[PDB]
Every structure is written in structure tokens, then in C-alpha cells.
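Following: one structure in C-alpha cells, then a few remarks.
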2 protein chains.
Amino acid sequence: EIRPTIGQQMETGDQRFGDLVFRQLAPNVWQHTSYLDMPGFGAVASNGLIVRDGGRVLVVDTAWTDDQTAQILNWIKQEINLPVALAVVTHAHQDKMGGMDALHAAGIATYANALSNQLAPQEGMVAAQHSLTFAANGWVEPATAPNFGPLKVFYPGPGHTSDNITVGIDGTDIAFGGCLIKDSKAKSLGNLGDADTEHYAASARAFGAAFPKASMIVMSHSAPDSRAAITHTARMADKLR
Amino acid sequence: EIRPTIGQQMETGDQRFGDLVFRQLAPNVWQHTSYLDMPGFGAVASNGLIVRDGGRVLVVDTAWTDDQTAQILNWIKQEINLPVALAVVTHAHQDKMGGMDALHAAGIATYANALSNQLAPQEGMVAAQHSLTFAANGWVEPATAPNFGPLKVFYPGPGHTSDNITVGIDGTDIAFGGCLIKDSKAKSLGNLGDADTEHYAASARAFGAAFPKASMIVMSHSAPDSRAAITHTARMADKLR
Ligand SMILES: C[C@@H]1CS[C@H]([C@H](NC(=O)[C@H]([NH3+])c2ccccc2)C(=O)O)N=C1C(=O)O
Ligand SMILES: C[C@@H]1CS[C@H]([C@H](NC(=O)[C@H]([NH3+])c2ccccc2)C(=O)O)N=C1C(=O)O
Ligand SMILES: [Zn+2]
Ligand SMILES: [Zn+2]
Ligand SMILES: [Zn+2]
Ligand SMILES: [Zn+2]
């Protein structure tokens, strides 16, 4: 078993595949988990989503590396047996965008907040091929997100980073908060180095308000949690201002 | 204000002093907190203890670095102004033993598990001046812990590492679990790279049985917790075996 220093542990039903772990969250939704070995600290898990929509698949976030991301695509091709229509990445850091080149090499169209694409090169990340823009209330502008099917993209405001976005899965009770949301029992908000400490709490609550019925909250570095992940995250953030 | 990626956040009553934070836990006990800043990840907090016993100060664990540990010694001189009679470190890892040269520069007698001193070179730590040895029941051999006063040293068995030790403070309701014990809301056992997965659970419970009077459990990367820390640590460790 892989036992990360940060991240959920193996559970019955989890599928180990090379260095990756996949957990089915719904008939048409899987969490992909990849691991970064921090010397002297141990492994750090990062979680993203794989969504089946009819005859195709949609991906949220890359793995930490290109190699790991290639393995995710292999898994999709081999266990799900459907083509990836597109990927959305939720901000310009390694755990969410470190595997962009593997997507592009595989000929997959990629999308990110325009601001994520603007920051990407400053973060040593490859930008997505397309830019998402957002309305004043945070919802993605449809014209910039063609054929996203059930991926419902929402920009909650600056929080973990200025550019972080979130994704609800339509036709399910799942919403993905990426690195913005921490688990309901977290003692910290993780890396606040690029954080907007003034607006974090409002952006966390905005996410909750955007996906009001979502009962299963998926996040980057813990196992799927209740809505208490959103409200605890917001409480922790309240103590920043 | 320091907001660590890993570790408890600052609270009312905390004292900021240089790059460190100090927090009084009892009339004669303080917790020291130092931070290791990791590029692209943020700071990791590590906690140790400062004990005033009669007419001297006893230190448990160094800070991450020499410079940080020298700052602890300067805080002690300022706030308490009694000699530091000795320091004990709770195993041979950077967060617990990284600042040993600072203690030696200041002429302070240092103590560690013999095994910790033996491991120190491989771990890139400086070995303490003196080696503690233990009885088969885990209690320190008193002849190797001269002048420890209220510091009751217990080797609980292997867990976080082969060499981890723990310390109870006689006359207080405080015991120190170091990196062995995680808080009652912890999602993982932290870094398991050196851990004894078979024996961790029993070692955690042996710690609790060694210090039944300890109402306040102090640990390396969380704020002080109730005894539920011990229970919860043990039950997490149960899942490794
Ligand atoms: C602290 C965690 C894991 S670090 C990750 C992200 N950092 C990174 O992706 C960064 N390349 C990194 C550097 C060294 C070790 C691990 C990761 C960030 O800064 O937001 N986000 C985090 C988060 O809080 O969601
Ligand atoms: C995972 C945490 C923080 S890492 C710390 C200890 N590691 C260290 O002290 C190590 N020099 C280190 C490297 C990089 C970042 C932070 C620390 C260990 O391996 O046990 N113990 C830990 C613990 O579980 O108590
Ligand atoms: Zn990030
Ligand atoms: Zn992250
Ligand atoms: Zn350690
Ligand atoms: Zn530690």
C-alpha cells in the first residue's frame, strides 16, 4: 500500500494502477490520485476527477507529473474504454497542472481560467490551450466552455490562489473544490503562500452557494467529505482576516 | 503572522519572538514552535517544550535549525532567566534534533535515546552528548538521566520511528508525545517512512498507560489535545496491521 503523509489512505474498492490509485465515487465518476514524494516528508496525494458522459470522458486536473498523467490516460483508455473529450484544470500549480504536456501530446483539448493560463508560465506550468472566462457572479461563460456536458465550472473568487476554480458534476451530488477546500477536520488551510487571505472565506462560501445541493465534496488532498468541509474551511479562513 | 501549511495556527495567548512562537501551557511549562519554510509548499511547524523546574530550565526537542534553537535560548534568557540545565531530544529527525550545535555552543548538556545518537550520523543530525538507555518496561534507566527532575522519560516501543521517546512532566497534567502521537482530528499518522507499522498501535497505547495523569497531550505538529489524541492515534495505527 501507498501510505501518503498527506492524503487519504487506501480503502476497499480502490484500484492501484502503476503509481496511481483510482476510487469510484459514482457510476460515472472516479477520483484519480497521484503522489509526489517529498524527500524526508513522504508522499503527498493529489486528487482529480474522471467523469463519464455518454460516449466520452471529461477530466478535472492533471496529476503531479506528465508521466503520471499519461498513466491516467492509459487507465481511462483501458478500463473505461472511452475517449477523453477535454480536461479542465483548476489553477496554475504543479499538483493541478503539472501534467499538461501529456494531455496535449495525447491530443486532448484543455481548458483553464484565463488567469491560470496567464500565471502558468510564471509557475513553470504549461498553459491550457483554451481560456475560460467568468460572469460577475462567478459562473463560467458558456461560449468559452463548449460541450462541457455535465462539468459545471464556477469561479468562487480568490482564495487558495487568485485563479482557483471549482467544478460541479451535473446529474450527481458531487462538487469538486480542488485545493480551495480543506477537509472538515483540517487544522490548516494548507499552503497560503499565494492566498488571498482577505477573500478566502467568502470564496469558500461562494463555492458552497454555487452547488447548494452537493452532498459529496471532493478536494485535492483529502478523501471525499461532507459539506462540513466547506463550512470548516470558511471558518478557518474567517480567522485570516 | 506565521500561517503554517502543516501545524496548528497562531492563537490568542501565543507570543511571537523572532521567527518563533511561544505559548504558556502551565505556570512552569511553555511550548516552543519553529518553522521550516519549504519552497512551493510553505512552512512546517514543529513543537517542543520548555520547563521551569525549581531553579533551572529543561528543554525538550530543538527547533528545526541551529539559528532557531539559538532563538529559543535567547527567549528563555529573556523570559525566564534561569540556566538551562539540560535538553532531551525525542528522536533523530530534523524537527526534533536539527539545532543540536546551538545547544552545544551554549554549553548545554544534551541527552537522547542511545539509538537516536547511533542513528544521528545517518540522519544527518548531530548526536547528543549523552545517551539514555531504557529498561524492558520502557522507563528510562535513572543513572543515565541525571538531574532530570520532573522529566519522566519513557520509551514506548517503535512507532513513528525505531528510536522515538516520550516525556511526562511530574506535578503537571502534561505529557509530550513528540511525532509519535497525532491529534484527535488527524487524518494520517504523518510520515510513515521510518515507522514500525506492526508495533505502532501498542506503542501509542503504551504511551498513554505510562502517563495516566497527563490530561494535556502535547505533540510535534498540532496544538495540545486531550487524551483522545492517544486513542485516535492508536486506532489509526490499528489500521496498519
Ligand atoms: C500544501 C498543499 C500541497 S502543496 C500544493 C501546491 N504546491 C505545489 O504544487 C508545489 N509545486 C510543491 C512544492 C513542493 C512540495 C509539494 C508541492 C500549492 O502551493 O498550492 N497545494 C497544497 C494545498 O494546500 O492544496
Ligand atoms: C511528516 C511530519 C513532518 S516531517 C517530520 C520528520 N521529517 C523531517 O524532519 C524532514 N527533515 C523534513 C523534510 C522535509 C519537510 C519537513 C521535514 C519525519 O520524517 O518524521 N515528521 C513528521 C511527523 O509525522 O511527525
Ligand atoms: Zn495551489
Ligand atoms: Zn494542493
Ligand atoms: Zn520523525
Ligand atoms: Zn515530526
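Atoms within each ligand, like the ligands themselves, are counted from 1 in listed order. Atom set for the values below is all heavy atoms of this structure, side chains included, hydrogens, waters and symmetry mates excluded. First the proteins, then the strands, lettered A, B, ... as listed; each starts at 1.
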Worksheet item: Considering all heavy atoms of both residues, which atom of A/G159 and which atom of A/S203 are nearest to each other, and what is their separation?
Response: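 Answer, listing the atom of A/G159 first, then A/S203: N-OG, 4.5 Å.
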
Item to complete: Please confirm whether A/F22 and A/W75 have ring centers closer than 6.0 angstrom.
Response: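 For A/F22 and A/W75, the ring centres are under 6.0 Å apart.
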
Worksheet item: Is the gap between the ring centers of A/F134 and A/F154 under 6.0 Å?
Response: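 For A/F134 and A/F154, the ring centres are not under 6.0 Å apart.
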
Discussion item. Does this structure show an ion pair linking A/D163 with A/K96, if we count only N-O contacts that are shorter than 4.0 Å?
Written reply: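 A salt bridge is absent here (no side-chain N lies under 4.0 Å from a carboxylate O).
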
Discussion item. Using a strict threshold of under 4.0 Å (side-chain N to carboxylate O), is an ion pair present between A/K185 and B/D183?
Written reply: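 So B/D183 does not pair with A/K185 through a salt bridge.
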
Can you produce the list of protein nitrogen or oxygen atoms under 3.5 Å from a nitrogen or oxygen of ligand 2, alongside each distance?
| from | atom 1 | to | atom 2 | distance (Å) |
| --- | --- | --- | --- | --- |
| ligand 2 | 7 (N) | A/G40 | O | 3.1 |
| ligand 2 | 9 (O) | B/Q94 | N | 3.4 |
| ligand 2 | 9 (O) | B/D95 | N | 3.3 |
| ligand 2 | 9 (O) | B/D95 | OD1 | 3.3 |
| ligand 2 | 11 (N) | B/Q94 | OE1 | 2.9 |
| ligand 2 | 19 (O) | A/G40 | O | 3.0 |
| ligand 2 | 19 (O) | B/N191 | ND2 | 2.9 |
| ligand 2 | 20 (O) | B/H93 | ND1 | 3.0 |
| ligand 2 | 20 (O) | B/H160 | NE2 | 2.9 |
| ligand 2 | 24 (O) | B/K182 | NZ | 2.7 |
| ligand 2 | 24 (O) | B/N191 | N | 3.1 |
| ligand 2 | 25 (O) | B/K182 | NZ | 2.8 |
| ligand 2 | 25 (O) | B/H221 | NE2 | 3.2 |

Practice prompt. Would you please classify the geometry between the B/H91 ring and the B/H160 ring as parallel, tilted or perpendicular, with 30° and 60° separating the classes?
Written response: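 Correct class here is perpendicular.
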
Fill in: Reported CG-to-NZ distance for the pair B/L189 and B/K239, which is rounded to 0.5 angstrom
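Atom-to-atom, B/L189:CG and B/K239:NZ are 10.0 Å apart.
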
Worksheet item: Between the Zn ion (ligand 6) and B/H93, is there an N, O or S atom separated by less than 2.8 Å?
Response: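 Given the 2.8 Å cut-off, B/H93 does not count as a ligand of the Zn ion (ligand 6).
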
Discussion item. Suppose we only count N/O/S atoms under 2.8 Å; would B/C179 qualify as near the Zn ion (ligand 6)?
Written reply: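 Checking B/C179: at least one N, O or S atom is under 2.8 Å.
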
Worksheet entry | Which N, O or S atom of B/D95 lies nearest to the Zn ion (ligand 6), by name |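 Sorting the N, O and S atoms of B/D95 by distance to the Zn ion (ligand 6) puts OD2 first.
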
